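Here is the file query_18.txt (compact mmCIF, C-alpha atoms).
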```
# COMPACT_ATOMS: atom_id res chain seq x y z
CA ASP O 1 -8.16 8.16 -54.27
CA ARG O 2 -6.16 5.89 -51.96
CA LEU O 3 -7.31 2.70 -53.69
CA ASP O 4 -6.85 4.32 -57.10
CA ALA O 5 -3.30 5.36 -56.17
CA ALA O 6 -2.40 1.95 -54.70
CA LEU O 7 -3.43 0.05 -57.85
CA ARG O 8 -2.13 2.61 -60.34
CA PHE O 9 1.43 1.34 -60.82
CA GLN O 10 0.52 -2.21 -61.86
CA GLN O 11 -2.43 -1.01 -63.96
CA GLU O 12 -0.21 1.40 -65.88
CA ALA O 13 2.51 -1.23 -66.30
CA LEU O 14 -0.10 -3.63 -67.69
CA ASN O 15 -1.40 -1.00 -70.13
CA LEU O 16 2.16 -0.31 -71.28
CA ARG O 17 2.63 -4.07 -71.70
CA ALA O 18 -0.44 -4.12 -73.95
CA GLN O 19 0.86 -1.23 -76.07
CA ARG O 20 4.31 -2.81 -76.34
CA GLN O 21 2.72 -6.06 -77.48
CA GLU O 22 0.70 -4.16 -80.08
CA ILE O 23 3.98 -2.67 -81.34
CA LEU O 24 5.68 -6.08 -81.39
CA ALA O 25 2.74 -7.61 -83.28
CA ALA O 26 3.01 -4.76 -85.79
CA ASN O 27 6.71 -5.57 -86.19
CA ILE O 28 5.90 -9.26 -86.74
CA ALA O 29 3.18 -8.41 -89.28
CA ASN O 30 5.54 -6.18 -91.29
CA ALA O 31 8.40 -8.71 -91.13
CA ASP O 32 8.40 -9.27 -94.91
CA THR O 33 7.62 -5.68 -95.98
CA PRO O 34 10.65 -4.17 -97.77
CA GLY O 35 11.89 -0.98 -96.16
CA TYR O 36 10.42 -1.26 -92.65
CA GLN O 37 12.60 -0.43 -89.65
CA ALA O 38 11.55 -2.37 -86.57
CA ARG O 39 10.10 -0.22 -83.78
CA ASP O 40 10.19 -0.77 -80.02
CA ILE O 41 9.85 1.22 -76.81
CA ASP O 42 11.95 1.51 -73.66
CA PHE O 43 9.57 0.03 -71.12
CA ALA O 44 11.10 1.40 -67.91
CA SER O 45 11.59 5.02 -68.99
CA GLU O 46 8.14 5.23 -70.59
CA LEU O 47 6.57 3.60 -67.53
CA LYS O 48 8.12 6.18 -65.20
CA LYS O 49 7.08 8.94 -67.61
CA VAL O 50 3.45 7.76 -67.63
CA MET O 51 3.69 7.43 -63.85
CA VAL O 52 4.73 11.07 -63.24
CA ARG O 53 2.58 12.63 -65.99
CA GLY O 54 -0.71 10.97 -66.93
CA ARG O 55 -1.27 9.11 -70.19
CA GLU O 56 -1.68 11.29 -73.28
CA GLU O 57 -2.45 10.76 -76.97
CA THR O 58 -1.17 12.31 -80.18
CA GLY O 59 -4.71 12.83 -81.51
CA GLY O 60 -8.06 11.18 -80.85
CA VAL O 61 -6.59 8.45 -85.92
CA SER O 62 -5.23 8.13 -82.38
CA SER O 63 -2.10 6.63 -80.86
CA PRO O 64 -0.28 6.76 -77.50
CA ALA O 65 2.28 9.41 -76.52
CA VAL O 66 5.05 6.80 -76.32
CA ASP O 67 8.41 7.31 -78.04
CA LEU O 68 8.73 4.78 -80.87
CA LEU O 69 12.46 4.04 -81.02
CA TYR O 70 14.28 2.12 -83.73
CA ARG O 71 15.85 -1.25 -83.01
CA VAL O 72 19.49 -1.70 -84.03
CA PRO O 73 19.65 -4.18 -86.94
CA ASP O 74 21.64 -7.38 -86.51
CA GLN O 75 22.66 -8.18 -90.10
CA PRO O 76 21.99 -6.32 -93.37
CA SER O 77 19.23 -7.14 -95.86
CA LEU O 78 18.76 -6.06 -99.47
CA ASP O 79 15.04 -5.27 -99.17
CA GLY O 80 15.88 -2.92 -96.32
CA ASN O 81 13.96 -3.99 -93.21
CA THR O 82 15.53 -4.55 -89.79
CA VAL O 83 12.90 -6.96 -88.43
CA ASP O 84 14.98 -9.89 -87.21
CA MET O 85 12.54 -12.67 -86.41
CA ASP O 86 14.47 -14.22 -83.50
CA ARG O 87 14.50 -10.89 -81.65
CA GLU O 88 10.82 -10.30 -82.43
CA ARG O 89 9.70 -13.72 -81.15
CA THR O 90 11.90 -13.51 -78.01
CA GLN O 91 10.51 -10.08 -77.12
CA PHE O 92 6.99 -11.33 -77.89
CA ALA O 93 7.29 -14.29 -75.50
CA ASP O 94 8.95 -12.17 -72.80
CA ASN O 95 6.24 -9.50 -73.06
CA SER O 96 3.62 -12.25 -72.93
CA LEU O 97 4.96 -13.65 -69.66
CA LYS O 98 5.37 -10.18 -68.16
CA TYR O 99 1.77 -9.28 -69.05
CA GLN O 100 0.58 -12.51 -67.41
CA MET O 101 2.69 -11.56 -64.38
CA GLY O 102 1.01 -8.16 -64.25
CA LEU O 103 -2.42 -9.78 -64.45
CA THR O 104 -1.48 -12.16 -61.62
CA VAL O 105 -0.20 -9.34 -59.39
CA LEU O 106 -3.23 -7.13 -59.99
CA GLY O 107 -5.68 -9.99 -59.44
CA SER O 108 -3.87 -10.99 -56.25
CA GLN O 109 -4.06 -7.42 -54.93
CA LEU O 110 -7.77 -7.12 -55.75
CA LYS O 111 -8.51 -10.43 -54.02
CA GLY O 112 -6.21 -9.29 -51.19
CA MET O 113 -8.69 -6.44 -50.81
CA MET O 114 -11.99 -8.32 -51.25
CA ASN O 115 -10.72 -10.60 -48.49
CA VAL O 116 -10.67 -7.62 -46.13
CA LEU O 117 -13.97 -6.13 -47.26
CA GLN O 118 -15.94 -9.42 -47.43
CA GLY O 119 -17.75 -10.24 -44.16
CA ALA U 1 28.11 -7.61 -92.51
CA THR U 2 27.34 -11.28 -93.16
CA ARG U 3 25.01 -11.48 -96.19
CA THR U 4 26.56 -11.44 -99.67
CA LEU U 5 24.52 -12.34 -102.74
CA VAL U 6 25.41 -13.84 -106.13
CA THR U 7 24.81 -12.23 -109.53
CA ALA U 8 25.51 -14.00 -112.81
CA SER U 9 27.34 -12.00 -115.47
CA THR U 10 28.58 -12.40 -119.04
CA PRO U 11 31.89 -10.48 -119.32
CA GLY U 12 32.24 -10.03 -123.06
CA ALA U 13 32.98 -13.05 -125.23
CA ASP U 14 35.77 -15.42 -126.25
CA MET U 15 38.03 -14.32 -129.11
CA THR U 16 40.01 -17.54 -129.55
CA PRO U 17 39.68 -18.62 -133.21
CA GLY U 18 38.05 -21.96 -134.00
CA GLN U 19 39.04 -24.62 -136.56
CA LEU U 20 39.02 -23.75 -140.30
CA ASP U 21 37.08 -26.10 -142.62
CA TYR U 22 38.65 -26.10 -146.09
CA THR U 23 35.85 -25.76 -148.65
CA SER U 24 36.77 -25.55 -152.33
CA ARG U 25 34.84 -22.30 -152.80
CA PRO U 26 36.41 -18.88 -153.52
CA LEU U 27 33.91 -16.87 -151.45
CA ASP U 28 34.30 -18.56 -148.05
CA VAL U 29 37.03 -16.61 -146.25
CA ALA U 30 38.69 -16.74 -142.84
CA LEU U 31 40.30 -13.81 -141.05
CA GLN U 32 43.51 -13.59 -139.07
CA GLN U 33 43.42 -13.92 -135.30
CA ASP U 34 41.72 -10.88 -133.73
CA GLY U 35 40.54 -9.67 -137.14
CA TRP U 36 36.99 -8.75 -138.14
CA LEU U 37 34.96 -8.41 -141.32
CA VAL U 38 32.73 -5.33 -141.49
CA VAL U 39 29.06 -5.47 -142.47
CA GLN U 40 26.29 -2.90 -142.49
CA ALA U 41 24.17 -3.80 -139.48
CA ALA U 42 20.42 -4.35 -139.42
CA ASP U 43 19.65 -0.80 -138.23
CA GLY U 44 21.73 1.00 -140.86
CA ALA U 45 24.75 0.91 -138.53
CA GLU U 46 28.11 -0.86 -138.64
CA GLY U 47 28.87 -4.29 -137.22
CA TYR U 48 31.82 -6.66 -137.08
CA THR U 49 31.84 -10.42 -137.48
CA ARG U 50 33.94 -13.51 -138.15
```
Could you write out this structure as structure tokens?
Amino acid sequence: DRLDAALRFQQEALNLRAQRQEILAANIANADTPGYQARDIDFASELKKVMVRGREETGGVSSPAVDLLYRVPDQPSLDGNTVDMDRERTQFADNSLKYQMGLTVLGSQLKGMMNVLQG
Amino acid sequence: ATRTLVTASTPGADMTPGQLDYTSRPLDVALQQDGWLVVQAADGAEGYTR
């Protein structure tokens, strides 16, 4: 209980990082599909929401209970998709580094605990 | 709004008359400027020509 609660914030943040990267990869895959609005999630609000109330799924075809918001387009396009590649690749790299940061923090905490237990 | 595309178009045709070749034949005729001869078109309809 105590150990589960202490490691729950970073674990949930890392899971939300994984889901956000899945969404960003879906946006990158559909970058040339005509009529596809780019989707993204508000990381902080959804993280607090998952924090207060546990993770839930729409079904389980299954998907998370996250709110898929639409990204504001930069410039218009005749085909009708709002996937701007610069934004997609910047968010992809930023999410990548933040996921690596979450892995580093969680691994440091778990070693910081094995150090105590080991004897 | 930054992206504006190009579309080719053909807005009608040019009605400036050309140069008349004088041929000593009674059946070759030339109309006045902005005048048209009438023929029965291919599909039983009416068409105009120079």
Between O:118, O:96, O:77, O:104, which has the minimum distance to chain U (counting all atoms listed in the file)?
->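 Using all atoms listed in the file, the shortest distance to chain U belongs to O:77.
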List the residues sitting within 12 Å of (35.4, -11.7, -128.2) in the file's frame, using only C-alpha atoms, as a PyMOL selection string.
-> chain U and resi 10-17+33-36+48-50
So what do you get for atom CA of residue O:44 versus atom CA of residue O:76, distance-wise?
->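 These two atoms are separated by 28.7 Å.
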Within 7 Å of chain O: residues of chain U, using all atoms listed in the file, as a list in words |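 Those within range of chain O come out as residues 1, 2 and 3 of chain U.
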Give as a list in words the set of residues within 10 Å of the point (4.9, -9.4, -71.0), where distances use the file's coordinates and all atoms listed in the file.
->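 It turns out the residues near that spot are residues 13, 14, 16, 17, 18, 20, 21, 91, 92, 93, 94, 95, 96, 97, 98, 99, 100, 101, 102 and 103 of chain O.
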Contacts of residue U:47 at 6 Å (all atoms listed in the file; same-chain gap of 2+ positions) as a list in words =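 Close residues of residue U:47: residues 38, 39 and 41 of chain U.
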Could those selected residues go to a file with C-alpha atoms, as an mmCIF file, keeping the file's coordinate frame?
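Wrote it out as result.cif, contents follow:
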```cif
data_model
loop_
_atom_site.group_PDB
_atom_site.id
_atom_site.type_symbol
_atom_site.label_atom_id
_atom_site.label_comp_id
_atom_site.auth_asym_id
_atom_site.auth_seq_id
_atom_site.Cartn_x
_atom_site.Cartn_y
_atom_site.Cartn_z
ATOM 1 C CA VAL U 38 32.730 -5.330 -141.490
ATOM 2 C CA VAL U 39 29.060 -5.470 -142.470
ATOM 3 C CA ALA U 41 24.170 -3.800 -139.480
#
```
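Atom CA of residue O:10 is positioned 20.0 Å from atom CA of residue O:116.
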Tell me which protein, DNA and RNA residues are within 12 Å of residue O:51, counting all atoms listed in the file, leaving out same-chain ones fewer than 2 positions away, and put them as JSON, numbers by chain.
-> {"O": [5, 7, 8, 9, 10, 11, 12, 13, 15, 16, 43, 44, 45, 46, 47, 48, 49, 53, 54, 55, 56]}
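Going from atom CA of residue O:42 over to atom CA of residue O:4, you cover 25.2 Å.
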Closest to residue O:37 among O:23, O:52, O:61, O:72, using only C-alpha atoms?
->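 Answer, going by the shortest atom-to-atom distance: O:72.
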Distance query residue O:88 at most 9 Å, only C-alpha atoms, self and fewer than 3 positions along chain excluded, as a VMD selection string | chain O and resid 24 to 25 27 to 28 38 83 to 85 91 to 93
Among the residues O:81, O:57, O:107, O:65, the one that comes closest to residue O:30 [using all atoms listed in the file] |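 Going through O:81, O:57, O:107, O:65 one by one, the smallest distance to residue O:30 is for O:81.
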Could I get stretch 22-33 of chain U rebuilt with N, CA, C and O atoms, written as a short mmCIF file (atom, residue, chain, number, x, y, z; two decimals), in the frame of the given file?
```cif
data_model
loop_
_atom_site.label_atom_id
_atom_site.label_comp_id
_atom_site.auth_asym_id
_atom_site.auth_seq_id
_atom_site.Cartn_x
_atom_site.Cartn_y
_atom_site.Cartn_z
N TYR U 22 38.22 -26.44 -144.74
CA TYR U 22 38.65 -26.10 -146.09
C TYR U 22 37.57 -26.51 -147.07
O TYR U 22 37.35 -27.70 -147.31
N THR U 23 36.88 -25.53 -147.64
CA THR U 23 35.85 -25.76 -148.65
C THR U 23 36.33 -25.18 -149.97
O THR U 23 36.76 -24.02 -150.03
N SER U 24 36.24 -25.98 -151.04
CA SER U 24 36.77 -25.55 -152.33
C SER U 24 35.86 -24.52 -152.98
O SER U 24 35.34 -24.74 -154.08
N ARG U 25 35.67 -23.39 -152.31
CA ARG U 25 34.84 -22.30 -152.80
C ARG U 25 35.58 -20.98 -152.61
O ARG U 25 36.14 -20.74 -151.54
N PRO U 26 35.60 -20.11 -153.63
CA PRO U 26 36.41 -18.88 -153.52
C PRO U 26 35.83 -17.84 -152.57
O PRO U 26 36.56 -16.93 -152.17
N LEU U 27 34.55 -17.94 -152.21
CA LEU U 27 33.91 -16.87 -151.45
C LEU U 27 33.91 -17.10 -149.94
O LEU U 27 33.68 -16.15 -149.19
N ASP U 28 34.16 -18.32 -149.48
CA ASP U 28 34.30 -18.56 -148.05
C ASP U 28 35.70 -18.16 -147.60
O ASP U 28 36.70 -18.71 -148.08
N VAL U 29 35.77 -17.20 -146.68
CA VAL U 29 37.03 -16.61 -146.25
C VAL U 29 37.14 -16.72 -144.74
O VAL U 29 36.14 -16.82 -144.02
N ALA U 30 38.38 -16.71 -144.26
CA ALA U 30 38.69 -16.74 -142.84
C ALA U 30 39.70 -15.65 -142.53
O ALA U 30 40.67 -15.47 -143.27
N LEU U 31 39.48 -14.94 -141.43
CA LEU U 31 40.30 -13.81 -141.05
C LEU U 31 41.47 -14.26 -140.19
O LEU U 31 41.52 -15.40 -139.70
N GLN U 32 42.43 -13.36 -140.01
CA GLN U 32 43.51 -13.59 -139.07
C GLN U 32 42.97 -13.54 -137.64
O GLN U 32 41.83 -13.13 -137.39
N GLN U 33 43.79 -13.99 -136.70
CA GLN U 33 43.42 -13.92 -135.30
C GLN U 33 43.21 -12.47 -134.89
O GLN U 33 44.00 -11.59 -135.23
#
```
